[PDB]
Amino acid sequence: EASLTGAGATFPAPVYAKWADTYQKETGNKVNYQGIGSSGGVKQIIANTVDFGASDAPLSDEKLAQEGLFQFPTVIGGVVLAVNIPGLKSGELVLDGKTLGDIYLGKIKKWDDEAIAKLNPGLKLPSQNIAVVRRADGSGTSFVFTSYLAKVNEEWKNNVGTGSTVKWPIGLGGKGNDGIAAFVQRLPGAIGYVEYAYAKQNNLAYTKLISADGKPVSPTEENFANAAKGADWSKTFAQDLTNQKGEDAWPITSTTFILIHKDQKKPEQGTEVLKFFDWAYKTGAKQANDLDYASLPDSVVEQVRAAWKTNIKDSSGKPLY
């Protein structure tokens, strides 16, 4: 029976928490996961205060090597725009990238703005102020979201850019995915970006989005998976899943990563971390798919296992997988 600690990304926290509960039921091993955001995850694994870190934003090969870290992906999720719009039901509103960016720039202030009406010609839109919500904490969901906005809105690209933290033009700060979900629930007229489970499991309305190919798409597990079908995983785990081509490709998709040290000073901890995630790849798909996370292809799992064997060792050089 091991007691493991992880910290970081809230984007996959629902699935990690479910996996950890199940794992403990089945094996007795205990995994404590703190959802503090990706930036904090990276800080804590570098600091050696947890057995594993978690970040939705990948570290570069060079950064990993500088820090003695190894990164591997776990699941594929999607970022949606949770909304609180009087008189509309979930999934009714469509936004495109440009107009979403104009909302986040503060250029569009009301939900019946002409640019929104044009995207939604059959819909009766209220004269409700838009209450923009964004992350307060250093966030991989923010990194994915702003990566997307930079592709689709040039003004955003040039003035705000991409980051886990940026200088938000407008918008109230929510802590974690959970914090944004709570703000959207409490604020008539809100819009906030969250990983899909945080909308669905909180019964929040959400929008459709226009795909890179120009078609309205609903956020679903399958459509997150579709956004990754063009990914050449063999080349790198650090795949960009935003604004990808193809049918039914949800435009704000991302994988998410676990970070561990290559030289495990507590090798039994490291061994057990790998056993937990290996169990999750082998047995955890229904739990992920229940929470609308798409699973990595088997070939990717096999890449991860091969890489564990060559990268994760004790201080004497012995592999821990």
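Heads up: residue numbers just count along the shown sequence, starting at 1.
Student: Please compare 79-87 with 137-145 and name the stretch with the higher mean C-alpha B-factor in the deposited structure.
Tutor: Mean CA B-factor is higher for 79-87.
Student: Compare the mean C-alpha B-factor of 127-135 with that of 173-181 as given in the PDB entry, and name the stretch with the higher value.
Tutor: 127-135 has the higher mean C-alpha B-factor.
Student: Among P251, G192, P73, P188, which carries the highest Cα B-factor?
Tutor: Checking the PDB record, the top C-alpha B-factor among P251, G192, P73, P188 is at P188.
Student: Checking the record values for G28, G53, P267, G37, which has the greatest CA B factor?
Tutor: Each of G28, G53, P267, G37 was compared by C-alpha B-factor; the highest is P267.
Student: Grab the CA temperature factor for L320 from the record and place it in the lowest, middle or highest third of its chain.
Tutor: Highest third.
Student: Grab the CA temperature factor for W279 from the record and place it in the lowest, middle or highest third of its chain.
Tutor: For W279, the deposited C-alpha B-factor lands in the middle third.
Student: Using only modelled residues of the chain, where does the Cα B factor of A307 rank: lowest third, middle third or highest third?
Tutor: Tercile = middle for this residue's CA B-factor.
Student: So where's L291 on the chain's Cα temperature factor ranking, which third?
Tutor: Ranked within chain, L291 CA B lands in the middle tercile.
Student: Taking the chain's C-alpha temperature factors as the reference, tell me which third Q66 falls into: lowest, middle or highest.
Tutor: Middle third by C-alpha B-factor.
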